[PDB]
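Shown here is one chain on its own, the form deposited in one PDB entry, set out as structure tokens.
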């Protein structure tokens, strides 16, 4: 549940987001800050140091796909379950990712947005984004419910 003001503030800031770099930074920081997430990405190569993680080309490329799904979600806020149906099935039945990790990635993305926009990422702007990431996490965890 987003108010019309909150919806317009989220959409306005998202149009300024560099998709080619924000995604790679959010995925990279999840692997560095929460090291247990690395076991799901063994086939991505060298993840031994923070510098090796941030410089990994497979991490950067995958990050773009993650942000693409978030963009799709922002275009269909009224129907999040439908927009993430197959992705929920993939993460649950094939990868077996604990749903708590969806909340962690959402929070890391919020940190990355604050880092990229500075004082433009105001407390009301953060409040609306927290509602979005929680909605995305809940829609991804549906096939577990």
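Only residues modelled in both forms are compared. Positions refer to the first chain, counted from 1. We call the rigid core the largest set of C-alpha positions that still match within 1.5 Å between the two forms.
Not on display, but discussed next: the form deposited in another entry.
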A Cα shift of 2 Å or more between the shown form and the other one, after fitting the rigid core, is seen among 57, 35, 118, 82 only at 82
Comparing between the shown form and the other one on the rigid core: C-alpha of residue 70 shifted by 2 Å or more?
-> yes
What changes in the other form is the Cα distance between residue 73 and residue 96, by 3 Å or more; the two atoms are farther
One pair moves by 3 angstroms or more in the other form: the C-alpha atoms of residue 11 and residue 72, which are closer
Flagged movers between the shown form and the other one, rigid core as reference, every CA at 2 Å or more, runs of three or more, listed in order as 68 to 82
